[PDB]
Amino acid sequence: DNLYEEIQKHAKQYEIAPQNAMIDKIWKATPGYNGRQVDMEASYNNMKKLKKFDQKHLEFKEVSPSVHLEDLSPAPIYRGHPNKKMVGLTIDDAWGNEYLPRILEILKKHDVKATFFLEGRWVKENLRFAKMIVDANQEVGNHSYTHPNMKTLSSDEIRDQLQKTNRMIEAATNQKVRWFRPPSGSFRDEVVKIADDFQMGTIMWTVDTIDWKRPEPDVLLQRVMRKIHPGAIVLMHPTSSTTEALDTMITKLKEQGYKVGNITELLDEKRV
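What you see is numbering from 1 along each chain in written sequence order, possibly unlike the entry, with residues lacking coordinates removed. Think of the side-chain values as coming from all heavy atoms in the structure, minus any hydrogens and water.

The record lists X-ray crystallography as the method behind this PDB entry and 1.71311 Å as its resolution.

Looking at the PDB entry, the protein carries the name Putative polysaccharide deacetylase, with the source organism given as Bacillus anthracis.

Listed below in structure tokens is the structure:
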């Protein structure tokens with residue numbers, strides 16, 4: 001059997017079916033994830049010179065799922081797909097400007113993006129720091145205007161909180177707001193549905209650093225590595241604990257085999 005036949009014989013072993021988006025009973029709205037099939041031409045070209053089959057040199061064509069995140073009814077997203085070897089980094093930003101430049105340097109050093117959920121009043125009062133985030137090519141989301149408990153707010157107040165914040169973000173950053181996150185994780189269905197009326201998904205998380213309690217950096221780091229999993233969304237703030245731990249955290253996440261990125265990248269159906 002020549003090399004081409006050897007690659008053919010291994011094709012089904014490396015095939016993966018696409019996985020559909022769905023609303024999990026516990027984790028709620030979950031994106032789909034592409035499958036893959038062996039690309040015969042690219043794989044052969046990768047193994048031609050050494051004349052031997054090596055699964056590390058396989059290349060693939062991707063296969064899209066049939067049900068997508070945007071097909072689902074309005075529902076919060078806690079996680080990326082549980083088979084996608086990627087973690088999403090998120091930072092809720094309404095204070096702590098003194099750590100923002102260093103956090104952006106750490107992200108640049110690792111060539112990773114994070115989603116910064118911005119409070120509307122913070123943006124209004126700190127336009128130059130909001131621009132600093134987007135000039136670093138980071139993406140921004142909506143974290144309400146004044147950080148209320150949105151579960152107990154009237155429908156009117158929810159709508160006003162979301163709309164005021166989008167108007168403020170879009171003027172400071174010139175980017176479209178795709179993602180909203182409720183302050184303190186407090187919400188009800190009406191919050192998710194109103195956010196959907198503004199073309200925003202609602203983004204919760206699966207791993208909370210609890211960095212606002214000022215944990216020792218190695219305690220924060222060990223908490224994250226213990227709880228992390230494929231598709232995890234990590235919640236941080238601009239704090240000394242996060243700033244002192246973030247560099248090693250990203251290194252250790254990559255050493256574990258995880259891609260690291262922002263929410264848009266995490267929820268993408270493309271394979272890692």
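So, next bit.
Partly exposed describes any residue whose relative accessible area lies between the buried limit of under 20% and the exposed limit of over 50%, with all areas from a 1.4 Å probe on protein chains only and scaled to the type maximum. Counting from the N terminus, the helices are DSSP H or I runs at least four residues long and the strands are E runs at least two residues long. Among the residues making up helix α5 (residues 127–135), those that are buried are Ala-130, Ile-133 and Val-134. One side of α5 holds all its buried residues, which, seen down the axis, span an arc of 90°. When the buried face of α5 is taken as reference, the exposed residues oriented beyond 90 degrees from it are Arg-128 and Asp-135. Immediately downstream of α5, the backbone of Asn-137 shows phi near 65°, a positive value. The arc in question is formed by the directions pointing from the helix axis toward the C-beta atoms.

The subject of this paragraph is the side chain of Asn-142. Tracing the backbone through its elements, the reader meets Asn-142 in strand β7 (residues 139–142). The class of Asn-142 is buried, set by a relative accessible area of 0%. Side-chain polar atoms of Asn-142 contact the backbone nitrogen of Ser-144, separated by 2.8 Å. Throughout, a residue-residue contact means that at least one pair of heavy atoms, one from each residue, lies within 4.5 Å. Excluding its chain neighbours within four sequence positions, the residues that come into contact with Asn-142 are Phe-117, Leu-118, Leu-162, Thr-165, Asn-166, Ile-169, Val-177, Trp-179, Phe-180, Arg-181 and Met-200. Here a polar contact is recorded for every N or O atom pair within 3.5 Å, except that within protein the pair must consist of a potential hydrogen donor and a potential acceptor, and residues adjacent in sequence are included only if both atoms are side-chain atoms.

Our next topic: the packing of helix α3 (residues 100–110) against α5. A fitted line through C-alpha atoms serves as each axis, taken over the contacting stretch for helices, and the angle formed by two N-to-C directions is quoted from 0 to 180°. Between α3 and α5, the shortest axis-to-axis distance is 10 Å and the interhelical angle comes to 5°. With respect to α5, the axis of α3 lies roughly parallel. Contact residues: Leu-100, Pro-101 and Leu-104 in α3; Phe-129, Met-132 and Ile-133 in α5. Amino acids are sorted into nonpolar (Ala, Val, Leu, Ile, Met, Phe, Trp, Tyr, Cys and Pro), charged (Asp, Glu, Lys and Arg) and polar (every other residue, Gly among them). Broken down by class, the residue content of the contact of α3 with α5 amounts to six nonpolar, no polar and no charged. Our angle categories are set so that under 35 degrees counts as roughly parallel, over 145 as roughly antiparallel, 65 to 115 as roughly perpendicular, and the remainder as oblique.

Let us now look at the packing of α3 against helix α9 (residues 240–255). Between α3 and α9, the shortest axis-to-axis distance is 9 Å and the interhelical angle comes to 20°. Classified by the angle their axes make, α3 and α9 are roughly parallel. In the packing of α3 onto α9, the handedness of the crossing is right-handed. Each of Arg-102, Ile-103, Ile-106, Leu-107, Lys-109 and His-110 in α3 lies in contact with α9, whose residues at this interface are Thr-243, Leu-246, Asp-247, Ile-250, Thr-251 and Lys-254. Among the residues forming the contact of α3 with α9, the class breakdown is five nonpolar, three polar and four charged. Each crossing is labelled by how the near helix is turned from the far one, with a counterclockwise turn of less than a right angle marking it left-handed and a clockwise turn marking it right-handed.

Time to look at the pairing of strand β11 (residues 233–236). The alternating pattern of β11 places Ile-233 and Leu-235 and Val-234 and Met-236 on opposite faces, both of which are buried. In terms of strand pairing, strand β5 (residues 86–93) meets β11 through four bridges, oriented parallel. When the bridges of β11 are listed, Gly-88 appears paired with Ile-233. In the sheet, strand β10 (residues 207–208) pairs with β11 via two bridges, with the strands oriented parallel. Pairing between strands requires that DSSP locate at least two bridges from one strand to the other.

Time to look at the packing of aromatic side chains. Centre distance within 6.5 Å is the pairing criterion for rings of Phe, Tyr and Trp, where only the six-membered ring of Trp is used; planes under 30 degrees apart are then read as stacked, over 60 as edge-to-face, and the remainder as tilted. Counted under the stated rule, the structure contains two aromatic pairs. Between the aromatic rings of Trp-27 and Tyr-78, the centroid separation amounts to 6.2 Å while the plane-to-plane angle is 65°, which identifies the pairing as edge-to-face. Remark: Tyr-78 occurs in the loop between β4 (60–63) and β5 and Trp-27 occurs in the loop between β1 (22–24) and β2 (28–30); sequence separation between them is 51 residues. For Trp-27, a relative accessible area of 34% corresponds to the partly exposed category. The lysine or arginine in question, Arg-36, covers the ring of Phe-60, its NZ or CZ lying 4.0 Å from the ring centre. Placement of a positive charge over a ring is assigned whenever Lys NZ or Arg CZ falls within 6 Å of the ring centre and within 35 degrees of the normal to the ring plane. Over the face of the ring belonging to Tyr-258 we find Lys-85, whose NZ or CZ atom lies 4.4 Å from the ring centre.

With that settled, the discussion passes to the pattern of salt bridges. When a carboxyl oxygen of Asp or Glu is within 4 Å of a side-chain nitrogen of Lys or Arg, the pair counts as a salt bridge. If you walk through the whole model with that rule in mind, you get six salt bridges. In this structure, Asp-1 and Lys-9 form a salt bridge, with 3.2 Å as the shortest nitrogen-oxygen distance. We classify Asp-1 as exposed; its relative accessible area is 64%. Overall, the relative accessible area of 51% leaves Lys-9 in the exposed class. Between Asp-247 and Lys-109 there is a salt bridge, with the nearest N and O atoms lying 2.7 Å from each other. Residue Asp-247 is located in helix α9, and its partner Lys-109 is located in helix α3; the two are separated by 138 residues in the primary sequence. Residues joined by salt bridges that share partners form a network here, namely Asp-1, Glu-5 and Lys-9.

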